[PDB]
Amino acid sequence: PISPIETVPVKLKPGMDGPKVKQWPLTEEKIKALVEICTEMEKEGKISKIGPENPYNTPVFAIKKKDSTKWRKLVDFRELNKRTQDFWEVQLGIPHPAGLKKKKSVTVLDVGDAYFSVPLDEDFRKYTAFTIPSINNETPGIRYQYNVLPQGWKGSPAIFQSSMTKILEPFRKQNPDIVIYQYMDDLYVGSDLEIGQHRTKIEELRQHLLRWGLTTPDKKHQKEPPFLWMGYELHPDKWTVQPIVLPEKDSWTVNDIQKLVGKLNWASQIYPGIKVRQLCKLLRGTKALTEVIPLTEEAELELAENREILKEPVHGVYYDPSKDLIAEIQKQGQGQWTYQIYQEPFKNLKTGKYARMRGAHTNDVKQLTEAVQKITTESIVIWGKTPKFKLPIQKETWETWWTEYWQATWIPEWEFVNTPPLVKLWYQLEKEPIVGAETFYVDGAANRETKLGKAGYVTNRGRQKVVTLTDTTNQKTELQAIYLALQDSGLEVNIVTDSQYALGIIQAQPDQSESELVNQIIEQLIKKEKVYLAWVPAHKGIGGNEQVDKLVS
């Protein structure tokens, strides 16, 4: 049928006019097939015969469907689409299984001929004109225009969805007890009535859909659980991802490793503790998909650890709105984090992974807070409320951090949980200068064109030491000078620098870095008893700064 629902007014982009492409001449079998299709469509109202004056045209083609002897009408809307107005996004975000409430009864209803079942703005139809060419194009062709939403036109998915929304609206007002998800040309319907009163509410729905143009499957043609949907397996009171098979291979190609990582990432939605750091490392660099990459030993270990987790099947449960959400996070290692969200321990709604580095240098407290933040956003999306957290960090460790760090922060309600490795601070710079501790006035300096560098220091006990660095930046030398003062000093040491850059880095208490130097400074700062770091203005003739500044050049 074609829905009686009022049409959505459509227009072209303001500067523009509708397409006027020329019809490519087509073979005889194709012209035949197109005529057969169009005549059938025309008799259902889908399209109408026109003749010029209508100036517009969009090319039509016919393809031979798979191996079968069926033909299909393909229309190339490229130009009309470029000239058609933008619409609002159809649906931004898709439901996650973990967010569904458990239902006593669920039914899937797919709309038949969804697009062709919805009218097109009368005033817009004329821009959809296409022409079936005569044999070798010797005579005038047969011209139609759409009365309904064309396949492949820009506005179709959006106008359809809004039509379904308007049509569904009343049944929703009258049936709050009933849940309906709109996805594409599907309806998913659930309630907590017993079979009978549900089977009954369905038919009402269907019948309402029918008054409105939309045909739907009958009791006998409704699919049964488990439903497979967008990569998931949806059972009556649980869900999981669709079955994942890690390929056995002697030799892995880029393409194979990419697909493997994608499957792992997908699996990590509900399989706890999936990791892909060591695999992703392989993907770094620039190669073709066809290239074989030898698995490193750590990647080989990783695939193995994943292989075992995937061994026995896991599932997630659905959301009970009357209980709180709890989220647990664990450190999995080098910048890697995993989490689980449950309501009853330890039956997970879902699980997940966090890796991203924010900057070149951070520490676990920063990283853990980034993961709390990422999990909070996701939980608001899926459930509409923030979880209660259980974190591998003492409350006192976290408050020491927050109070003395310069960036503001605030994680929602959380508790300590003793699930090592725990996140801790690995050193703390002194807050005051250390009496009886040797003061190193350090400095670095590189020549811009040469790339030659020289890092040194001077102390108040008269020590001095300069070293040369090759192919170094004006700011690498400033870190070297600090590393230098760290390894020649005692367990207590004050260091004076004029590098805000170096100061900024160290003052944030990094415990990991992309930089080898910074990784070395860190190992040092941990070995120490007390380090106090101070900053001075360069070239102001201040104290020992003048001296070590002279030594480097």
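Counting begins at 1, following the sequence as shown.
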Response to the item:
Comparing mean C-alpha B factor in the record for 28-36 and 59-67, the higher one is 59-67
Worksheet entry | Between the two ranges 241-249 and 258-266, the one averaging a larger CA B factor in the entry | 241-249
Discussion item. Take the CA temperature factors straight from the PDB entry and tell me which of 347, 126, 287, 166 peaks.
Written reply: 287
Worksheet item: Quick one: which of 131, 91, 367, 377 has the biggest Cα B-factor according to the entry?
Response: 91
Worksheet item: How does residue 13 rank on Cα B-factor within its chain, lowest, middle or highest third?
Response: middle
Fill in: Chain third (lowest, middle, highest) by recorded CA B-factor, residue given as residue 510
middle
Item to complete: Pull the Cα B-factor of residue 340 out of the PDB entry and bin it into the chain's lowest, middle or highest third.
Response: lowest
Discussion item. Splitting the chain's C-alpha B-factors into thirds, which one does residue 397 fall into?
Written reply: lowest
Worksheet item: Hey, what third does residue 483 fall into on Cα B-factor, ranked over its chain?
Response: lowest
